[PDB]
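Residue numbers (PDB author numbering): 1 to 29.
For every residue, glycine included, the Cβ atom is placed at its ideal position computed from N, Cα and C.
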């Protein structure tokens, strides 16, 4: 699944939305 192109800063990758991950620097890939 692809996650919309929306910036998102978080610690735990799980925090991310859809089927993506959260990056330490502060961005969801």
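Residues of the same chain with a CB within less than 8 Å of the CB of residue 12, apart from the 5 flanking positions on each side, are 22 in chain order.
Annotation for residue 28: 8, 16, 20, 22 place their beta carbon closer than 6 Å to its own, counting only its chain and skipping 5 residues before and after. When beta bridges are read from the DSSP output, residue 23 appears opposite 9, 27.
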